[PDB]
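See below for the structure under consideration.
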Amino acid sequence: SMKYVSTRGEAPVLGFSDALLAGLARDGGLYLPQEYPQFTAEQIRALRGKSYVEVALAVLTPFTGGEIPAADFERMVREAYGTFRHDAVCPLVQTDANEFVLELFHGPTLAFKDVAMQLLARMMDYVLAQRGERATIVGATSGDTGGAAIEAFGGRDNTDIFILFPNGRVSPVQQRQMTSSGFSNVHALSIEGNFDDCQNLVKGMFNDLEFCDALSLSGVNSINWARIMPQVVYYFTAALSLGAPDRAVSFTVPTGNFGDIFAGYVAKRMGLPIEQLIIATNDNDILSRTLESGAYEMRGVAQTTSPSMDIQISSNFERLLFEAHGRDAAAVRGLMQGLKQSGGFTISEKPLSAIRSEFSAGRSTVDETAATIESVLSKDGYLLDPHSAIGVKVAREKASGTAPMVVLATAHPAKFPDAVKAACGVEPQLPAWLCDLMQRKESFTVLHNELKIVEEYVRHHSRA
Ligand SMILES: *Cc1c(COP(=O)(O)O)cnc(C)c1O
């Protein structure tokens, strides 16, 4: 059935369930399918008319290698996307004659990480149950990821989740989503320290091998194969709305750690006809500079109005590097060794050409992003958040061809009201079902920034 191999070539070859629990490989690499499941044009035509859930079952099942029985998989996919307050799950809104926005923000935290998290948490619950295990999920957030994680893992049977965030330094909306979920297996830890301090405590816990063992610790991050896998689906559903497979479709993705756009690459590898895949970056433009020059070189991180894309390095870019080098693990090891030692590497000509043959990249500054929010509101009556506006700006600059362009809208404007207001004067409004959010009771524990204090809290409260 399906096996999973590391980008660094010397880790155990794993089945789906293990790849899901392993996370990062033994050799320091990232897991990828040994081969991609394939869909012919007729097999894609056969998806026409199907619900989001039905397309998800078709597209994702081959990746699970027969390890999750069909009835169980078509409960957990149904339940995952039942949390999205939109019948289409991820609907298109047309913004110009050949341009559409794919709204990934109808889920429980109004942001695109819900798509993968809501299924990942259920798949993990199932795998753990099947092995008679439990897990203690631990992560640090500046606000947004923690919410998505807590809304996904809240109320799962086999996990307890602990998210550390900086006391007094999270936006009101973001904090309330972490702390008012009402679930008994959720623990929001407000650390008397900054985001970097929260990350250091998490790294501390993961380095404490006895602690990890005793608590069955597992991480929240962008590099597990199951944060990426579910995202393949909406490339299919969007492209089917626009006539797949009989015409190719292009996508622009506001991109930070590359997992989103890598899922689009995966869709293409599976047979979805895709013309352009366009990386859209903020002022932290390592990926844009990489496509221009081949020089993936770390520079200082700028704070922008699209903070979820404020990256120094792109955590899943390594997955594309592996594919671009024809799965030459030694080449990938070399480049990553270079990054670690010297802060950059240069991609050689053949793999760089392979990347450029399928991807392009552009950037949007804070002012350009604001200008895009204001013009799209003015011309269409349509309100973008800043991350999504980056996508629209870059899509319009970089699009080439006759294919329809789908721009991924990765957050609701109400998630970043300051930047939206600054750009266009509108104070965005929360969806009606969330209109009470600011009145929900918060419930969180303030802890000092000390590894032993946090470990004791986790030890006391985890059921693991
Ligand atoms: C995480 C995030 C991105 C970047 O996603 P990657 O898969 O890491 O490239 C873009 N926009 C928003 C709103 C996000 O939360």
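As shown in the structure tokens, the chain order sets the letters A, B, ...; within each chain, residues go from 1, and ligands are also counted from 1 in the order they appear.
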
Distance query residue 86 in chain A at most 8 Å, only C-alpha atoms, self and fewer than 4 positions along chain excluded, as a VMD selection string: chain A and resid 90 to 91 106

Residues near residue 235 in chain A, cut-off 10 Å, only C-alpha atoms, skip fewer than 4 positions along chain, as an NGL selection string: :A and (90 or 102 or 231 or 239-240 or 249-251 or 260-261 or 263-268 or 272 or 274 or 406 or 408)

Just write the chosen residues, N, CA and C atoms, as a compact mmCIF listing (two decimals), in the first residue's frame.
```
# COMPACT_ATOMS: atom_id res chain seq x y z
N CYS A 90 -15.09 24.98 1.12
CA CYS A 90 -14.17 25.98 0.61
C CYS A 90 -14.74 26.59 -0.70
N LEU A 102 -10.52 31.58 -3.50
CA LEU A 102 -10.93 30.36 -2.81
C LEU A 102 -10.89 30.67 -1.31
N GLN A 231 -4.79 19.37 2.48
CA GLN A 231 -4.86 20.58 1.69
C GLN A 231 -4.91 20.29 0.19
N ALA A 239 -10.69 23.35 -8.80
CA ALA A 239 -10.43 23.11 -10.21
C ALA A 239 -11.64 22.42 -10.86
N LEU A 240 -12.32 21.56 -10.12
CA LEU A 240 -13.54 20.93 -10.65
C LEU A 240 -14.64 21.95 -10.89
N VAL A 249 -5.99 24.90 -14.60
CA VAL A 249 -6.29 25.96 -13.65
C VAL A 249 -4.99 26.40 -13.00
N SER A 250 -4.89 27.68 -12.67
CA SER A 250 -3.72 28.21 -11.96
C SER A 250 -4.08 28.61 -10.54
N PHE A 251 -3.10 28.53 -9.66
CA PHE A 251 -3.29 28.90 -8.27
C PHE A 251 -2.19 29.83 -7.77
N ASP A 260 1.04 24.56 2.13
CA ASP A 260 -0.14 24.86 1.31
C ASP A 260 0.12 24.68 -0.18
N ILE A 261 1.08 25.43 -0.70
CA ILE A 261 1.40 25.33 -2.10
C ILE A 261 2.01 23.97 -2.45
N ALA A 263 0.97 21.20 -1.31
CA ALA A 263 -0.24 20.40 -1.54
C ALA A 263 -0.83 20.57 -2.93
N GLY A 264 -0.70 21.77 -3.48
CA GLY A 264 -1.08 22.05 -4.87
C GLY A 264 -0.16 21.33 -5.83
N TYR A 265 1.13 21.32 -5.51
CA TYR A 265 2.09 20.54 -6.28
C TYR A 265 1.71 19.05 -6.27
N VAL A 266 1.28 18.55 -5.12
CA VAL A 266 0.91 17.17 -4.98
C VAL A 266 -0.30 16.90 -5.86
N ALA A 267 -1.29 17.78 -5.83
CA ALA A 267 -2.44 17.63 -6.70
C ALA A 267 -2.05 17.51 -8.17
N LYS A 268 -1.16 18.39 -8.60
CA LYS A 268 -0.61 18.33 -9.93
C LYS A 268 0.08 16.99 -10.20
N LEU A 272 -4.01 16.40 -11.57
CA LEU A 272 -4.83 17.57 -11.74
C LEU A 272 -4.16 18.55 -12.70
N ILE A 274 -2.80 21.63 -13.90
CA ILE A 274 -2.49 22.92 -13.29
C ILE A 274 -1.51 23.60 -14.21
N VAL A 406 -7.07 31.05 -9.46
CA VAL A 406 -7.66 30.90 -8.17
C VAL A 406 -6.64 31.38 -7.16
N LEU A 408 -5.86 31.77 -3.23
CA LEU A 408 -6.24 31.25 -1.91
C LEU A 408 -6.36 32.40 -0.91
```

All alpha helix (DSSP H) residues (DSSP, backbone) inside range 188-354 of chain A, as number ranges by chain: A: 195-207, 209-215, 225-228, 232-241, 259-270, 286-293, 317-324, 329-342, 349-354

Neighbourhood of ligand 1 at 6 Å, counting only C-alpha atoms and all ligand atoms, reported as JSON, numbers by chain: {"A": [111, 254, 255, 256, 257, 258, 259, 260, 308, 309, 387, 410, 411]}

Export N, CA, C and O atoms of the chosen residues as a PDB file, in the first residue's frame?
```
ATOM      1  N   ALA A 111      -9.572  30.567   9.489  1.00  0.00           N
ATOM      2  CA  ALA A 111      -8.270  30.528   8.837  1.00  0.00           C
ATOM      3  C   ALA A 111      -7.918  29.144   8.282  1.00  0.00           C
ATOM      4  O   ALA A 111      -8.399  28.120   8.739  1.00  0.00           O
ATOM      5  N   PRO A 254      -0.758  32.592  -0.851  1.00  0.00           N
ATOM      6  CA  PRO A 254       0.017  33.348   0.100  1.00  0.00           C
ATOM      7  C   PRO A 254       0.721  32.355   0.997  1.00  0.00           C
ATOM      8  O   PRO A 254       0.066  31.509   1.610  1.00  0.00           O
ATOM      9  N   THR A 255       2.047  32.393   1.017  1.00  0.00           N
ATOM     10  CA  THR A 255       2.875  31.240   1.425  1.00  0.00           C
ATOM     11  C   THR A 255       3.831  31.677   2.527  1.00  0.00           C
ATOM     12  O   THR A 255       4.432  32.735   2.441  1.00  0.00           O
ATOM     13  N   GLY A 256       3.945  30.847   3.550  1.00  0.00           N
ATOM     14  CA  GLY A 256       4.944  30.991   4.578  1.00  0.00           C
ATOM     15  C   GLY A 256       5.801  29.754   4.559  1.00  0.00           C
ATOM     16  O   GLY A 256       6.912  29.767   4.003  1.00  0.00           O
ATOM     17  N   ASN A 257       5.315  28.663   5.165  1.00  0.00           N
ATOM     18  CA  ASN A 257       6.163  27.464   5.290  1.00  0.00           C
ATOM     19  C   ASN A 257       5.959  26.435   4.185  1.00  0.00           C
ATOM     20  O   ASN A 257       6.451  25.322   4.311  1.00  0.00           O
ATOM     21  N   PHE A 258       5.254  26.824   3.115  1.00  0.00           N
ATOM     22  CA  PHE A 258       5.203  26.086   1.848  1.00  0.00           C
ATOM     23  C   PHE A 258       4.299  24.867   1.778  1.00  0.00           C
ATOM     24  O   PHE A 258       4.178  24.257   0.696  1.00  0.00           O
ATOM     25  N   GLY A 259       3.665  24.498   2.891  1.00  0.00           N
ATOM     26  CA  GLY A 259       2.879  23.281   2.991  1.00  0.00           C
ATOM     27  C   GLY A 259       1.632  23.376   2.130  1.00  0.00           C
ATOM     28  O   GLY A 259       1.233  22.426   1.482  1.00  0.00           O
ATOM     29  N   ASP A 260       1.043  24.559   2.128  1.00  0.00           N
ATOM     30  CA  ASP A 260      -0.135  24.862   1.307  1.00  0.00           C
ATOM     31  C   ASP A 260       0.120  24.682  -0.183  1.00  0.00           C
ATOM     32  O   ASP A 260      -0.505  23.842  -0.858  1.00  0.00           O
ATOM     33  N   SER A 308       1.414  35.742   9.701  1.00  0.00           N
ATOM     34  CA  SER A 308       1.531  34.279   9.483  1.00  0.00           C
ATOM     35  C   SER A 308       2.502  33.909   8.335  1.00  0.00           C
ATOM     36  O   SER A 308       2.832  32.748   8.138  1.00  0.00           O
ATOM     37  N   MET A 309       2.949  34.909   7.581  1.00  0.00           N
ATOM     38  CA  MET A 309       3.921  34.710   6.529  1.00  0.00           C
ATOM     39  C   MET A 309       5.271  35.361   6.866  1.00  0.00           C
ATOM     40  O   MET A 309       6.161  35.441   6.026  1.00  0.00           O
ATOM     41  N   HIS A 387      -3.070  38.768   4.256  1.00  0.00           N
ATOM     42  CA  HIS A 387      -2.440  37.601   3.661  1.00  0.00           C
ATOM     43  C   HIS A 387      -3.086  37.311   2.302  1.00  0.00           C
ATOM     44  O   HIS A 387      -2.401  37.099   1.293  1.00  0.00           O
ATOM     45  N   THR A 410      -6.583  32.944   2.792  1.00  0.00           N
ATOM     46  CA  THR A 410      -6.151  32.105   3.882  1.00  0.00           C
ATOM     47  C   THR A 410      -6.660  32.528   5.261  1.00  0.00           C
ATOM     48  O   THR A 410      -6.475  31.792   6.203  1.00  0.00           O
ATOM     49  N   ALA A 411      -7.283  33.688   5.377  1.00  0.00           N
ATOM     50  CA  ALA A 411      -7.909  34.140   6.640  1.00  0.00           C
ATOM     51  C   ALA A 411      -9.032  35.088   6.350  1.00  0.00           C
ATOM     52  O   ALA A 411      -8.985  35.796   5.355  1.00  0.00           O
TER      53      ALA A 411
END
```

Spatial neighbours of residue 200 in chain A, max dist 10 Å, only C-alpha atoms, sep filter under 3 positions, as a list in words: residues 140, 194, 195, 196, 197, 203, 204, 205, 206, 449, 450 and 451 of chain A

Any chance you can output those residues with N, CA, C and O atoms as a PDB file, in the first residue's frame?
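Contents of the output file result.pdb:
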```pdb
ATOM      1  N   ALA A 140       3.662  26.036  20.939  1.00  0.00           N
ATOM      2  CA  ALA A 140       3.743  27.449  21.276  1.00  0.00           C
ATOM      3  C   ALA A 140       3.149  28.233  20.120  1.00  0.00           C
ATOM      4  O   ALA A 140       3.251  27.801  18.967  1.00  0.00           O
ATOM      5  N   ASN A 194       7.776  36.154  26.378  1.00  0.00           N
ATOM      6  CA  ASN A 194       7.404  36.485  25.017  1.00  0.00           C
ATOM      7  C   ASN A 194       7.276  35.212  24.191  1.00  0.00           C
ATOM      8  O   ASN A 194       7.412  34.099  24.717  1.00  0.00           O
ATOM      9  N   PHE A 195       6.938  35.358  22.918  1.00  0.00           N
ATOM     10  CA  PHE A 195       6.742  34.209  22.028  1.00  0.00           C
ATOM     11  C   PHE A 195       7.993  33.351  21.940  1.00  0.00           C
ATOM     12  O   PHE A 195       7.922  32.123  21.971  1.00  0.00           O
ATOM     13  N   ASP A 196       9.144  34.001  21.838  1.00  0.00           N
ATOM     14  CA  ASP A 196      10.396  33.268  21.782  1.00  0.00           C
ATOM     15  C   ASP A 196      10.550  32.402  23.054  1.00  0.00           C
ATOM     16  O   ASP A 196      10.945  31.226  22.977  1.00  0.00           O
ATOM     17  N   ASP A 197      10.218  32.982  24.209  1.00  0.00           N
ATOM     18  CA  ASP A 197      10.238  32.216  25.459  1.00  0.00           C
ATOM     19  C   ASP A 197       9.304  30.993  25.391  1.00  0.00           C
ATOM     20  O   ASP A 197       9.656  29.914  25.862  1.00  0.00           O
ATOM     21  N   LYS A 203      10.700  23.603  23.090  1.00  0.00           N
ATOM     22  CA  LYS A 203      11.924  22.923  22.629  1.00  0.00           C
ATOM     23  C   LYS A 203      12.555  22.209  23.831  1.00  0.00           C
ATOM     24  O   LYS A 203      13.009  21.081  23.709  1.00  0.00           O
ATOM     25  N   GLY A 204      12.538  22.869  24.990  1.00  0.00           N
ATOM     26  CA  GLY A 204      12.966  22.284  26.264  1.00  0.00           C
ATOM     27  C   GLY A 204      12.261  20.963  26.578  1.00  0.00           C
ATOM     28  O   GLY A 204      12.921  19.960  26.891  1.00  0.00           O
ATOM     29  N   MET A 205      10.936  20.951  26.484  1.00  0.00           N
ATOM     30  CA  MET A 205      10.170  19.742  26.772  1.00  0.00           C
ATOM     31  C   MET A 205      10.528  18.648  25.782  1.00  0.00           C
ATOM     32  O   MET A 205      10.699  17.494  26.179  1.00  0.00           O
ATOM     33  N   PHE A 206      10.646  19.005  24.500  1.00  0.00           N
ATOM     34  CA  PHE A 206      10.982  17.996  23.487  1.00  0.00           C
ATOM     35  C   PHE A 206      12.389  17.428  23.611  1.00  0.00           C
ATOM     36  O   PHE A 206      12.617  16.290  23.217  1.00  0.00           O
ATOM     37  N   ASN A 449       7.928  31.622  33.306  1.00  0.00           N
ATOM     38  CA  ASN A 449       8.708  31.117  32.178  1.00  0.00           C
ATOM     39  C   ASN A 449       9.846  30.212  32.704  1.00  0.00           C
ATOM     40  O   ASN A 449      10.980  30.638  32.827  1.00  0.00           O
ATOM     41  N   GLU A 450       9.489  29.005  33.116  1.00  0.00           N
ATOM     42  CA  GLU A 450      10.447  28.048  33.716  1.00  0.00           C
ATOM     43  C   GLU A 450      10.033  26.658  33.266  1.00  0.00           C
ATOM     44  O   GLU A 450       8.856  26.277  33.410  1.00  0.00           O
ATOM     45  N   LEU A 451      10.998  25.900  32.762  1.00  0.00           N
ATOM     46  CA  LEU A 451      10.713  24.586  32.205  1.00  0.00           C
ATOM     47  C   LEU A 451      10.049  23.625  33.196  1.00  0.00           C
ATOM     48  O   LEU A 451       9.088  22.968  32.819  1.00  0.00           O
TER      49      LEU A 451
END
```

Report as JSON lines: every residue of range 275-296 of chain A with an atom at most 12 Å from range 366-380 of chain A, its closest pair of atoms, and their distance in Å to one decimal, counting only C-alpha atoms, with rows sorted by chain and ascending residue number.
```
{"residue": "A:280", "atom": "CA", "partner": "A:369", "partner_atom": "CA", "distance": 11.2}
{"residue": "A:281", "atom": "CA", "partner": "A:369", "partner_atom": "CA", "distance": 10.6}
{"residue": "A:282", "atom": "CA", "partner": "A:366", "partner_atom": "CA", "distance": 7.6}
{"residue": "A:283", "atom": "CA", "partner": "A:366", "partner_atom": "CA", "distance": 7.7}
{"residue": "A:284", "atom": "CA", "partner": "A:366", "partner_atom": "CA", "distance": 11.0}
```

Residue set, range 154-388 of chain A restricted to strand (DSSP E or B), as a count of residues only: 43

CA of residue 104 in chain A to CA of residue 127 in chain A, distance in Å rounded to a single decimal: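 CA of residue 104 in chain A sits 26.5 Å away from CA of residue 127 in chain A.
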
Nearest candidate to residue 399 in chain A (options A:416, A:225, A:162, A:359; using only C-alpha atoms):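 Closest to residue 399 in chain A of all the choices is A:359.
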
Exercise: residue 312 in chain A partners within 8 Å, only C-alpha atoms, chain neighbours under 3 positions left out, as an NGL selection string: :A and (284 or 286 or 298-301)
